[PDB]
Every structure is written in C-alpha cells, then in structure tokens.
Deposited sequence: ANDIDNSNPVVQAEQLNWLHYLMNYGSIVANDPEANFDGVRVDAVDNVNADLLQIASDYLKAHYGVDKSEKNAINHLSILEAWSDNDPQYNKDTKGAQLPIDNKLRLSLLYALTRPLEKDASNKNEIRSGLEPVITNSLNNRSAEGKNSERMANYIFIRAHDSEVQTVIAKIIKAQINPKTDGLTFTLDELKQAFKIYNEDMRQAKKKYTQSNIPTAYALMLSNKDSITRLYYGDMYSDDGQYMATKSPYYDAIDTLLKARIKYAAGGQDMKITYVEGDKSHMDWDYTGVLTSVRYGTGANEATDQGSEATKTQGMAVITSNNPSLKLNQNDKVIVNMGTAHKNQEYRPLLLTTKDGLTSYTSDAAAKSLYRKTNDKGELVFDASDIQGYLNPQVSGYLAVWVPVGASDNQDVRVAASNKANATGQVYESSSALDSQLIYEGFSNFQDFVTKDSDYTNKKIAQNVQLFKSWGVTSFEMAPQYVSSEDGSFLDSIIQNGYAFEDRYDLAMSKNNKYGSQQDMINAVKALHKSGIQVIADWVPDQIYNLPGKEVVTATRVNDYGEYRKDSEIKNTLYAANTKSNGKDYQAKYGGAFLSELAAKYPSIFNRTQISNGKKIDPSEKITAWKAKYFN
C-alpha cells in the first residue's frame, strides 16, 4: 500500500489522464462509445488531495459542459465521497461539479431510527433519539420556519458498501467468533461465521446487531424534497452470498416505496411532529412523538396552494413513530393536512404496520374498505385504532404511507432537466428535475466469489436492467472494476476490486475481476445505456499496491486534453500554487511519486 504524492504537478496531470481513460473507456479500449461511463464518484480520502476535486470538476465542465445547463449536469451525474466536515459549502465555495453527501441527515436518520432503546444498548451515544432531528438536522432544514432558506443539492443514504455494514460484522466477530479481533483484518472463515449470525439477526424482531426501522429510513429519504437517494444493493439483497441470489427481508417494503416515489412524490413538503398524551402505564420509553411528512403534488408548493383537478392524484403522507411500545389514549388524534389542493378526497394505504411486519397494497382496489376521505380543509385524522407501537422484523414503532385514490397505473410525476444554465452559477442547483434522479450502489464488499461463470455480478446486471428501471434508477454506481491484488488487508481478502489494485488501467483485462470478464463489464454498461440508465465510474487516486496497462496508457491522452481543454491546464492549483505539468508521462509508479 503506497500513498500517491498528489502535491506533485506531474502526478496531478497523470490523475487527469486516468479520469479521461475511465469516462471514455469504451471509445479508447473497445472502440465503442456505448461502453463509456457518464459520471464519476470522486474519492480523494485526504485533505492533501484537495486539488484533484478542482481538476475533476474542470474536466467535467470542459468535456461535458456540466456548468452550461442543468441537462448537461444531470446527464453526467457525479458524486463526492465524504471528505471534509462541510463538503456542501466546500463544493459551493470552489465551483465544484459533484453532489455532496447530506451527512447531518444521514446521522439524524441512523440515531432516530436504527439504534437500540436505552436498555439494550452499548453506551449513552448509541441510544435512539427523538424524531425532531430528522426534520431540522439536515443540509436542508425542512421545518415550517427553516424550509425557506436556500436549498442545497445533495445525495442521502442510510447504508453503503463502506458504511453501516463492516462495523456490524466487526461487533459480531468481537462478541461471538474472536474476542481480541482488532477489527479491520478478518479471515474469509471469520466472515462466513459472522454472516450466518448477521443474516439471522436481520430477520428477527429483536435485533442484537443490525439496524432497526430500515423501511422507515427509505420512506423518509424517498419522499424528501431537495435530495437524491442512493439505494444500497445490501438493503434489497444479502450483503454476502452470490449477486442478487437472496432478497433482504426489506425488499418488498422498499420496492413498494421506490414504485410509489415515481407515481406520487412531487410538489411542496411539510414535516411536523405531534406529541400525543399516550397511555404511559402501558409504555416503557415515554417518547410520544409522531412524525408526519406530506408532499402536495405537482402545482402545489404550500398547504394553502389550490393546485388543479389535473394534479389531484399526486402527493402522499408518511406517518412514523420510532417507539415500539407507543399507545395512544382514546382522546389522542394525529391530524395530517394533505393541503387545500386535497379537500373532500379519498386516500388509501400504500404501506401499513401490523403485529407481523408491513402490508403493502399494490392497487386502490386491494385497499377498498380502508379508503379514508379528507374533510373540507384537506385533513386526514388518525387515532388509537390506526397508530400503535409494534416490534417486528420490519418496524420498531409504527410506519404508514397514504396515497390519493385514482392514479393511472403508469402515472409518472418526475420532471425533465432544464436546457437553461442555473441562475446561481452552481453545477447542481436543487430542483424537481434533480429530485427525479435516483442512484443505485449496485455491489457489496462481502459478495461471495463465484462458483461458476453464470453467477458473475456483471452478467446479472445486464439481465436485470428493467428491474432497476422499475425502481427509478437513473444512475447505476458499479463496483470499482480494477483487477484486485491478493493478500492480507480487507480490500484484497474480499477482492472488492478497485480499492486494492496494482494496475490503475486494468479493468478486467489481464484476467477477470470479482464481477466477471472485460466483455461482461462492457455488456453491463451497454445494457444499462440501452434503457437510458447512466453508469458512474470509481475514481480512487489516493493509493496503489506493490509492461502493464499503466505503461500503455500512462500520460497517453495529455497531448489531446491540452489541445481541446486548455482551461484544465491554465488553473493554478490551491495546495501547491502550480499548474498541472503534462511534460512527463508516468508509465510506472516508483518511490519518487509516493508520500
């Protein structure tokens, strides 16, 4: 493991050369422009690598014109891995071309929904919070008093390949397999033993290790205005085993929410907590907060907006408690204001919590008899017969989603990208068009190695494109495709592909990666493009492991890039106070380019 010296202007030129290779991989290697990557995931890791964010952003502007229209920006959707303590402000202050993480809301969701109650807990900080932070503690404050400040473009997730997976396995191994584990380094046999317990724990009502209320997390993220959700592979399927071989217990609930977002999620948003009095004598944790989140549908931005009759079948309500023992007394009410656009209108449940889990309703007719009609002010009223705390595999508390009756089967409330430049001059301005995008992180670190060729991740991706389309996936984030090194160090033990590599330019070419052959990779990218889904490339310029493809392609494109995109070469970089130096090609990594 060697840290690359990204303060060196010749290295900075090589990192640009590599970015160009990844995004034009099809044209350069396969002579096939349908096998190119559309967007990039930038993972700079360290503050010393700051300059690479401006180099990447300058390339995306010059090559794709992402700064010249919303359309160009949305058609090359790019993201920033968690980097600084304020990625949104840093990306804005620099004129950067990547979506930042809404890290504040990610932590608000984890601590309000997924952590255990006080009794069954690790320490004071791993105690489940109230729901109040889910409204206010976000890059975009969604309270009545906070929603009117400038909105910031962002992506949100509850889990990822590198987030809220390994840390759970580490707990299981330390508790039950190998006390005196140092985390970080595990054997394949330790992982296999841990994943048997992990998979059992995830399917239980009482979760010792895994996250509570994952469906509730998705209901809130997918219905939120001014955000793009990144769906995690491991929330739909098992984090271990063959690719897409076993569904997660949460598959059906999240599938229901993904389809409903396309059909109903539009117009303005209001969020509110109602503190019911409660029974208390029949309650453990005394928290009586019930969160509601309403979308008004196209044409209505506020509770008082009229809308039109042609938008009546849009909008939705999410109702949630995070308290498994919540009981309303017989006088308690939760009022949900669906808006003045939704007076005297029939609503039916999409999702309801029961003793056993979540009931999903695939049509209006499936839920006839559960129909409820708003009053002349546009209010639904729920009481003790509707809302109750439950403890089941799906829910710790209560989850309901309500939708207006009468939507057509193929109703789609998503908005096309504007052809105009953003007035604010940002690459990504928060909008209904940007909210219409959804990213899928389509891999887990802990996928099993294949038994036969038919198991390969990249073959399965090409075979299931229409499933991804039905979920509203506009951007598919593929695993890093670099041929893996084989040694002691977690990225090499599980061969997650890139992350641990000896050749930056070797994408399943000297041999298969974990995910299949060069042709399997190419065909997955082509299949996704044929149904209009973008593919994101994984740009990881921090490290390299120790006549390859670095030799063939190293510095090969700098002449062409200098001729076409001079703006990239004219910038004086902040950290070293120098322009990038393309006068030397890096055809082999040596000590001179490390630290």
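Visitor: Ranges lacking C-alpha coordinates, please, mapped onto the deposited sequence and listed in sequence order.
Guide: Comparing the full sequence with the modelled residues, the uncovered range comes out as just 547-583.
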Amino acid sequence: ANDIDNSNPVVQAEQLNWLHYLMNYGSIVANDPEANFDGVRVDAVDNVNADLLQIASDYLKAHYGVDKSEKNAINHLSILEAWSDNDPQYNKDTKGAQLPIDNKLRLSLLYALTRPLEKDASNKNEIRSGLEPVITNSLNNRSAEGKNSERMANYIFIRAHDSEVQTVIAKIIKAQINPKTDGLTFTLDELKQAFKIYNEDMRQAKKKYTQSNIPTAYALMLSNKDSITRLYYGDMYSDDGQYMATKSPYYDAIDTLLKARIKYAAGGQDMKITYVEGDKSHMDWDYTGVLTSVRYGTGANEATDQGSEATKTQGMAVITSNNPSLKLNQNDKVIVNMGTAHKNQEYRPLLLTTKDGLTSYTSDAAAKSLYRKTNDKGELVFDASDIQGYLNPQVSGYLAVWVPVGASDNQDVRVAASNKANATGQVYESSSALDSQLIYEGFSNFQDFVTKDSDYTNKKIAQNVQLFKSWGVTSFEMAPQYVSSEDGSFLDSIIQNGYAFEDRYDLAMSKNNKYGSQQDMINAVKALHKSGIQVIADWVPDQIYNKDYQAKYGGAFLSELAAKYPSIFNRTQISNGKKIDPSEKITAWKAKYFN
From here on, numbers count along this sequence of modelled residues.
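Visitor: Would 187-195 or 229-237 have the larger average of its C-alpha temperature factors, as given in the entry?
Guide: Mean B over CA atoms: larger for 187-195.
Visitor: Could you settle it for me: does 306-314 or 266-274 have the higher average Cα B factor in the PDB entry?
Guide: Per the PDB record, 306-314.
Visitor: Considering only 457, 323, 123, 470, which residue's Cα atom bears the greatest B-factor as recorded?
Guide: In this record, 123 carries the highest C-alpha B-factor of the candidates.
Visitor: Sorting 464, 163, 418, 212 by Cα temperature factor from the record, which one lands on top?
Guide: Checking the PDB record, the top C-alpha B-factor among 464, 163, 418, 212 is at 418.
Visitor: Mind checking which third residue 66 falls in for C-alpha B-factor across the chain?
Guide: Middle third - that is where residue 66 ends up once the chain's C-alpha B-factors are sorted.
Visitor: By the recorded C-alpha temperature factor, relative to the other modelled residues in its chain, which third is residue 88 in?
Guide: For residue 88, whose C-alpha B-factor we compare with every modelled residue in the chain, the answer is the middle third.
Visitor: Going by what the PDB entry lists, where does residue 96 fall on CA B-factor within its chain: lowest, middle or highest third?
Guide: Tercile = middle for this residue's CA B-factor.
Visitor: Sorting the chain's CA B-factors, does residue 576 end up in the lowest, middle or highest third?
Guide: Lowest third.
Visitor: Tell me, lowest, middle or highest third: where does the Cα B factor of residue 218 rank within its chain?
Guide: Tercile = lowest for this residue's CA B-factor.
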